[PDB]
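Architecture at a glance
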Amino acid sequence: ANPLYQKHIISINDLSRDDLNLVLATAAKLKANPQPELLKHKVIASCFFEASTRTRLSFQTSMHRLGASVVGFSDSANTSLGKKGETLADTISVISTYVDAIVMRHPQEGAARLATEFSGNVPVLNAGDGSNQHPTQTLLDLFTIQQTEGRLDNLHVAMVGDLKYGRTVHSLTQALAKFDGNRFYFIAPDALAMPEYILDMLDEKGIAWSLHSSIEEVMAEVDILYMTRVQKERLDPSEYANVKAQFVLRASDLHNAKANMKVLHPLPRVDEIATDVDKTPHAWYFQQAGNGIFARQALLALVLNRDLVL
Amino acid sequence: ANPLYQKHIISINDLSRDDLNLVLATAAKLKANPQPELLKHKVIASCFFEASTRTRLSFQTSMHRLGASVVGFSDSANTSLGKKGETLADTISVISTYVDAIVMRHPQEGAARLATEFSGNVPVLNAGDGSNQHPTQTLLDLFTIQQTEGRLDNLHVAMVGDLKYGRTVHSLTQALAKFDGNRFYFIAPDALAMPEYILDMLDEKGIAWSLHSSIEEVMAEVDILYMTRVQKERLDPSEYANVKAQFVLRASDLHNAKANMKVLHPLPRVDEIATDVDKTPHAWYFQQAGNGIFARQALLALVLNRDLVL
Amino acid sequence: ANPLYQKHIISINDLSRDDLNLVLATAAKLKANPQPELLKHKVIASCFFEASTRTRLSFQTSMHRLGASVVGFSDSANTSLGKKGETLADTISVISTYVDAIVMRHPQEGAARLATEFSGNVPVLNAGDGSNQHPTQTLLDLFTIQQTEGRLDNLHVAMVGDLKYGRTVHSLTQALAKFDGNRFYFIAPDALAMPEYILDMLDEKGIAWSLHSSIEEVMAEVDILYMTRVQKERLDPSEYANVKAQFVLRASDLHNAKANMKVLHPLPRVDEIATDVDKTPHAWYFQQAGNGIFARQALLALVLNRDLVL
Amino acid sequence: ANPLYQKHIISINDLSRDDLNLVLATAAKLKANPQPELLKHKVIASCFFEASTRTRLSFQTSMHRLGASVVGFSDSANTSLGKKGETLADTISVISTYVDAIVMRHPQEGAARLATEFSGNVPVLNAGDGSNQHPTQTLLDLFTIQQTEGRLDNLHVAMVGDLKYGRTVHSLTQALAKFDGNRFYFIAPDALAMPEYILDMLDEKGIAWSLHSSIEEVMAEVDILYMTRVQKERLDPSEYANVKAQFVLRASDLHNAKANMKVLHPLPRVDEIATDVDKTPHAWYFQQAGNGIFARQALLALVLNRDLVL
Amino acid sequence: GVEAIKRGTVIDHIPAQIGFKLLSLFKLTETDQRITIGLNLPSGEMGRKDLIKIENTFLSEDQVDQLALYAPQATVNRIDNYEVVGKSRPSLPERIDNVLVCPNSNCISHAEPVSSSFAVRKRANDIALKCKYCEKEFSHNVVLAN
Amino acid sequence: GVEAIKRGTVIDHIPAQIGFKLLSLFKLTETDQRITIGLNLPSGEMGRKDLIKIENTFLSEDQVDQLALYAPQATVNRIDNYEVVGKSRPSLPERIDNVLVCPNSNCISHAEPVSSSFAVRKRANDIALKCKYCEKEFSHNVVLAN
Ligand SMILES: [Zn+2]
Ligand SMILES: [Zn+2]
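Residues numbered from 1 in each chain as written, not as in the entry; some residues may be left out. Chains lettered and ligands numbered in written order. Part of a larger assembly, values for the part shown. Heavy atoms only, no water.

Attention now goes to the sheet that holds strand β9 (residues 262-264) of chain A. Residues and elements named next belong to chain A. Read across the sheet, 5 strands follow the order β7-β6-β5-β8-β9 without closing on themselves; strand pairing throughout is parallel. Of all strands in the sheet, those with a lone pairing partner are β7 (208-211) and β9, marking the two edges. Adjacent strand axes in the sheet meet at a mean angle of 20° when their direction is disregarded. Of the pairings in the sheet, the one linking strand β6 (residues 183-187) to β7 comprises 4 bridges and is parallel in character. In the sheet register, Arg183 faces β7, and the bridge partner there is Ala208. Sheet strands in contact with helix α5 (residues 135-149) are β8 (224-227) and β9, and its direction is about 155° off that of β8. (Pairing = 2+ DSSP bridges. Helix = DSSP H or I, 4+ residues; strand = E, 2+ residues; numbered from the N terminus. Axes fitted to C-alpha atoms, helices over the stretch in contact; angles between N-to-C directions. Contact = heavy atoms within 4.5 Å.)

Turning our eyes to something else, we now look at the domain arrangement of chain E. All names here are of chain E. Assigned domains of chain E: these are domain 1 (1-93) and domain 2 (94-146). For domain 1 and domain 2, the distance between their C-alpha centres works out to 25 Å. Across the boundary between the two partners, domain 1 contributes 7 residues, which contact 13 residues of domain 2. For the pair domain 1 and domain 2, the summed buried area comes to about 840 Å², and 71% of that belongs to carbon and sulfur atoms. Sorting the residues of domain 1 by area buried against domain 2 places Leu69, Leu92 and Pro93 first, and these three jointly supply 60% of that buried surface. Here domain 1 is connected to domain 2 by 0 salt bridges. Taken together, the connections running from domain 1 to domain 2 amount to 1 residue pair in polar contact. (Domains from an automatic or database assignment. Buried area = accessible area lost by both parts, 1.4 Å probe. Salt bridge = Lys/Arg side-chain N within 4 Å of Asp/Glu carboxyl O. Polar contact = N/O pair within 3.5 Å; in protein donor to acceptor, adjacent residues only side chain to side chain.)

Moving on, we come to the interface of chain D and chain C. It is common to give the size of an interface as the accessible area that goes away when the parts come together. Counting from both sides, the interface comprises 23 residues of chain D and, opposite them, 22 residues of chain C. Summing both partners gives a buried area of about 2,000 Å² for chain D against chain C, and 57% of it is carried by carbon and sulfur. It is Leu57, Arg65 and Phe286 of chain D in chain D that bury the most area against chain C; as a group they hold 28% of the surface buried on that side. Linking chain D with chain C are 4 salt bridges, by the criterion used here. A salt bridge links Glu37 of chain D to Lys40 of chain C; its shortest N-O distance comes to 3.4 Å. Seen at the junction of chain D and chain C, the total is 12 residue pairs in polar contact. Residue assignment for the side of chain D that touches chain C shows that the elements contributing at least two residues are α2 (53-65) and α10 (285-304) of chain D. Along the lines of polarity and charge, the residues of the side of chain D that touches chain C split into 9 nonpolar, 7 polar and 7 charged. (Nonpolar A, V, L, I, M, F, W, Y, C, P; charged D, E, K, R; others polar.)

Of the residues lining the interface, 20 residues belong to chain E; the matching set on chain F comes to 18 residues. Counting the surface lost from both chain E and chain F, the interface buries some 1,600 Å², and carbon and sulfur atoms represent 52% of this. Interface area lost by chain E to chain F is led by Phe20, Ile37 and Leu39 of chain E, which between them contribute 33%. Where chain E meets chain F, there are 1 salt bridge. Here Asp32 of chain F ties to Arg48 of chain E by a salt bridge, and the two come within 3.0 Å at their closest N and O atoms.

Below, the discussion takes up the nonpolar core. Residues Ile102 and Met104 of chain A are the most contacted members of the largest nonpolar core, which totals 286 residues. Counting residues per element, this core draws most heavily on α10 of chain D, at 13 residues. (Core = buried A, V, L, I, M, F, W, Y, C linked by side-chain atoms within 4.5 Å. Buried < 20%, exposed > 50% of the residue type's maximum accessible area, 1.4 Å probe, protein only.)

Residue and element names in this part refer to chain E. Within the protein, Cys102 (SG), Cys107 (SG), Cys131 (SG) and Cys134 (SG) serve as the donor atoms for the zinc ion (ligand 1), at 2.3 Å. One chain supplies every donor for the zinc ion (ligand 1), spaced along it as C-x4-C-x23-C-x2-C. In this structure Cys107 comes out as buried when scored by relative accessible area, which is 1%. (Donors = N, O, S within 2.8 Å, 3.2 Å for Na, K, Ca; no water.)

Before going further, it helps to examine the coordination of the zinc ion (ligand 2). Residue and element names in this part refer to chain F. Distances from the zinc ion (ligand 2) to its protein donors, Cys102 (SG), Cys107 (SG), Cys131 (SG) and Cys134 (SG), fall at 2.3 Å. One can describe the donor arrangement at the zinc ion (ligand 2) as tetrahedral, given that its 4 donor atoms subtend angles of 99 to 116° at the metal. Considered as a linear motif, the donors of the zinc ion (ligand 2) on their single chain read C-x4-C-x23-C-x2-C. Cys107 carries the same exposure label as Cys102, and that label is buried. (Tetrahedral: all angles 85-135°; square planar, octahedral: opposite > 155°, others 65-115°.)

Let us now look at the side chain of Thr9 of chain F. Along the chain, the position of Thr9 of chain F falls in strand β1 (residues 8-15). The contacts of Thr9 of chain F, once residues within four sequence positions are left out, are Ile52, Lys53, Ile54, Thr57, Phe58, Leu59, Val76, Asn77 and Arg78 of chain F.

The next point concerns the relation of the copies chain E and chain F. With an RMSD of 1.3 Å, the fit of chain E onto chain F corresponds to turning through 180° and sliding 0.1 Å along the axis. The superposition of one copy onto the other is thereby described by a two-fold rotation axis. Residues of chain E ranked by C-alpha distance from the rotation axis are headed by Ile37 of chain E, positioned 2.5 Å from it. A share of 90% of interface residues in chain E that are also interface residues in chain F marks the association as one of identical surfaces. (Least-squares fit on C-alpha atoms.)

Moving on: the UniProt feature "binding site: Zn(2+)" in chain E. This chain's UniProt record puts "binding site: Zn(2+)" on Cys102, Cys107, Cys131 and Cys134 of chain E. For the residues just named, distributed over 33 residues, the greatest C-alpha separation is only 8.8 Å, placing them together at one site. Along the polypeptide, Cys107 of chain E turns up in the loop between β6 (95-97) and β7 (117-121). Leave out the neighbours within four places in its chain, and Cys107 of chain E touches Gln108 and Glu109 of chain C together with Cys102, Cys131, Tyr133 and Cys134 of chain E. Here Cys134 of chain E shows up in the loop between β8 (128-131) and β9 (137-139). If sequence neighbours within four positions are ignored, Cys134 of chain E has contacts with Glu109, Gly110 and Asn132 of chain C together with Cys102, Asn104 and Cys107 of chain E. (UniProt positions renumbered as here; feature names shortened; annotations may be inferred.)

Moving on, we come to the pairing of strand β3 (residues 101-106) of chain D. Residues and elements named next belong to chain D. When you tally the buried positions in β3, you get 6 out of 6 residues, the bulk of the element. Residues of β3 alternate between two faces, with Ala101, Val103 and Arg105 on one and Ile102, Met104 and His106 on the opposite face, all of them buried. Pairing between strand β1 (residues 43-48) and β3: 5 bridges, direction parallel. If you follow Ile44 over to β3, its bridge partner there is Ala101. Two strands pair when backbone bridges link them, and β3 and strand β4 (residues 124-129) are joined in this way by 5 bridges, in the parallel orientation. Looking at the pairing, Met104 lines up with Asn126 of β4.

The subject of this paragraph is the arrangement of the chains. When the 10 pairs of chains in contact are ranked by number of contacts, first place goes to chains C and D. With respect to C-alpha atoms, chain A approaches chain E no nearer than 14 Å, and the pair has no contact. One thing to see here is that chain B and chain F don't touch, and their nearest C-alpha atoms sit 8 Å from each other.

Below, the discussion takes up the pattern of salt bridges. Throughout the structure, instances matching the rule amount to 58 salt bridges over all chains. Here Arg113 of chain A makes a salt bridge to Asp14 of chain A, at a shortest N to O gap of 3.1 Å. Placement of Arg113 of chain A in helix α4 (residues 111-115) and of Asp14 of chain A in the segment before α1 (17-32) is noted, with a sequence separation of 99 residues between them. For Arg113 of chain A, a relative accessible area of 14% corresponds to the buried category. Classification of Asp14 of chain A as partly exposed rests on a relative accessible area of 42%. Here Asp90 of chain C makes a salt bridge to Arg269 of chain D, at a shortest N to O gap of 3.3 Å. Placement of the pair is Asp90 of chain C in helix α3 (residues 88-95) and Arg269 of chain D in the loop between β9 (262-264) and α9 (275-279), with the two residues belonging to separate chains. Judged by its relative accessible area of 5%, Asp90 of chain C is buried.

Attention now moves to the relation of the copies chain D and chain C. Overlay of chain D on chain C (RMSD 0.0 Å): rotation 120°, translation along the axis 0.0 Å. Considering both components of the superposition, the chain copies are consistent with a three-fold axis. When C-alpha positions in chain D are compared against the rotation axis, the closest is assigned to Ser69 of chain D, at 5.2 Å.

Here it is as structure tokens:
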């Protein structure tokens, strides 16, 4: 049985260094030499109780490229679920009576983890459970860094943007805090600063970090520039605009960047990365979305296959 | 040609004793030894004009496990149908120009039966047409009783819950009234009692039934305890709560139940069956939802296959 | 001080026959010779948390016809804040601070009685509270019965329609059974009969009552035909449409009616009284909607004025 | 001519202490002996483009309590036209043509000041404009502080809750720092502290202020506890619920409070003041909601009347 | 039974498993006095009773009646100087307050800072409890549920 | 006074008012076996203490350890035949299940058939308790305002 066989991928916390390496190494082989019939005759529930078209289409394209069938829904608006009594525990107890793996997005923290007490032996992969986890996004990001820098160790990683609510920047700090000698630059306005328990966790394991005011300060030594979305509505309109020049990347800023430097951003990108940055060699946010396919396939192959011998 | 080949499954009334046996015997063989390519190259319209995620996912998982493709929609909210003139007869006349079988759920009584005058030679299976029929639910229920009691004849069946509006309890009484020596206990509050024309039909064919006040009265001789949902809103809030102790099952109640007794319930279950009943050998409502797959596959194999030689 | 001076008008059960009579007397007086500046300088709040355009306009015309100012709202939506946080208690505690009286319709049984406990000294008047009380409707109904029949004692009153859920028929029976010699005929669809407690109060006082099946059984004995709207949606559409040859009133059926019989209805009347009934003299429901003014004016004059000089 | 005669009441910054005092004097006079026909024949427009049922009913009771007519509306929806085409400018240019004064709540900062430029000679009064000003609230707040403390100078005022986004706490600080000897205690969750410019105005005039962490640090020094509602939704639900042992007021905490300390709140108070606080004498927020009448009446009497004789 | 306290209340012959339900529900435990409680005792009739001894407090005529729907055969013995200076048996009240919950899910009581209250009527067989607020009447078996 | 039975557990030295929390929280009343509780017992050695005796009942190890969070300095005493045969004191457990409540309003534990489970970590000046489900860590002071 491979390590991840039939396990529920609920959090990055639950994945070890070795599990992260085993998922990323597999994504590398599937990117290389694909397996279009590997999951043939498997049916996967794509249950998006919270709508997220971008994540859904990547997960379902990944399910399709391995040969599996997909059934599911995207509520948020309404289908007929989570209403008039009918609890999540009962929905999972019906659904895992038909499907082989449950992929789900839910608005409440902890939902995937509860599904797990009800699926019995059908695997539950978490596509997003509120402000808690999202392992699949951290896995495509880790795969983009590994793909472009050649390593996951001894890196210079700047996290720029909303770091207080950024579900993504938190998980990637934890994932990356498992590998060695990584150094962090956090560039966030104070209202949105990287929470203390991530910082505590960093210190404790002897990893280095530093706060900086502007992207200018650290452009030269950066390897991965991970940007995040500031949601305008986490501030007053007035507050938002007023950061004396802002946290928005323009291609001028990158003039002093290391030859290997990559700008990553989970999308939607609205305003923090200017158009002109797209035609720069460093812009890597769409190629990152592309590897979403690979990281997502790896997981489904490993969870549903006792041995993948590629 | 097998009997059900290319027929439209619209009502239980239209199915004979022998047709019920032929669908249940087939579901038994597919449960046993499946056929994942039997409907390959067939495309099925899953047209849920009224949304019902639970029924849709079972029907579509069944369509997928026989190898067929699925196209369709779930309106109730809106897609673009049944609006601004565009009649149901015209929709079916377009859709049966692309698909091989139409599965449909509609809010109005009689809709599946009308579709049938327009599909021409494409089969129309009814997934629910208003307060009228639902043959596919009665077929998974009959298959759950046959599976657990070994027979469909000489049974002791209690129907507990809303029996006046219960579309399910009505159809299963008719289905089961085709086999012999079945005896019925109806336990419903008077506002929700089993309508007279079901009772008339029972008497006429010499089948026995009896009303009882509490589940306590008949626990010992019951074989199948079929529960139904009381929709709170079919009563005043005040009226609802006041039945001196209620029609809710708790595992205490089952202490005197026959070794073979099974509790069936069409779901959603909200309040009439207490959590503690789930970890009892008798609880069988989810395993029933599971056989929805089998009864549903049987039908699609038989309707679309001139000979199933399994 | 008048008996009802600064009294909370919340339930009919709460008003004694003596008080019913004072209300009906005053009203007959204001109709005739109205003092239009009696409530000059009062600010009354019309707080419709549940909206009812007719009631809100009857009550508000009344406030105006007596020289009163009005501030207030209408929901069946969210007004502002009061959706979360604002407890009715906090909302009244602030509104007692502003106005002289609070008229209020709210969708929860007992909302006017809670309000009392926070209105300080400001009187609150119930314009409908869930399925519990509507005193103001029963008062204008008594006034019309008194004004057409010349009395409230020794009458033959037929109550027809949704006797089980009609807020009004429940109250009219409580009010009229506080007078002597009355006989009631209850004509209702089986599933919607007069709840047992109405009938049990009726047998302790030993008031003469009988159930019937169609208006035409008591056509010729009835002094008052009070009709309620059988709500189409709390019933199956094939069941609503199948009751007998209906219990809807057509002028024809009035052919054997007493010269003094009046037909009453709270309104809406959609179908349960036909248009030709409108032309016959027995038609009295619009006349009734107009007596709402004097009844409600009566109410406001006594609650807000120490002694009524007229 | 009174100082404020036909003056636009738009911002608190705009009113001098002399004018604050004239407003508060008049109000103390009208409370006591109200002239109820002072604005007889005026038609005031209550134009709530953003709806606020309490404010709209306080202002409208005021107009009425002084003998004024009212025409107006409420959005948090579309009223008619004004959604497209109708610019606030065109809408005021037409409403100046009708009425004598314009009271208005609008969801955009500066909507009352634009209106001025199109109201011709009609005075406009700001009932709230986005996150900018609410003068009428600060006036009724000063009146309650003055009415309980006997003065507006040399007070110890603790401001608690959402100090960063509370419209009101920003204004109350501007108004009270126009008086001498005041000391402010600011108790707020880290992420929601007093914006730097409030604090910088405070240090130029050199008014004594200090931040704190919980009410219980200044319980015994505080003359006025002004509490704002920490809005649950502009915060993470695990962060809202984790702040200390909360900054919510319970009567217990009042145990060491001065005999004259009053607890104030604009309202809604959902959870930040508990029910037992309501019974203690220090409870003054409903009393406060009532002083809104005299404050707003004051305002309307001066702006619309040349000289006030009372 | 067991031995005595320095003057107060002894509530005995409470049905077994009603004992704690009264300690919690009527909130009898928020006292500074020695409350001694014996659970599931013999040494009193109908097998196992419960028993509560509240020292120094003496429960009013009223509170004594409030036990009636739970405890109706209990004895509220009144002690001074280790001897029963008086003996009360629970008689049925006419208003039970804030211990019950209106079954009416649309009753306003639920969401507000009001204490529940119910008119009590008839005796033993069926005790109808009428909500103060929605004025809907329920059987005590339904009210005494959840 | 209350101090020994033939066999069972004497939970001694509970601080005032926690005795009823423990009864409720650990459902120690739901056993028809002799429990004697004494609340606001003098004990100059405390000022005020509470004592529960569950007769013919033995608290398995971990049960004892859950008491760490509430009456942390209480001595569970085994009496397995007429006297104090084993003394025990509460140690913080590594997980506290069923009894706590997740502070996170948007935690899923709240609407569903799911027992709370929290990871215990005495760190620095208190104990942090991390939810099973929503993975958020809170101070026990937050979690116990409850
Ligand atoms: Zn109630
Ligand atoms: Zn949680």
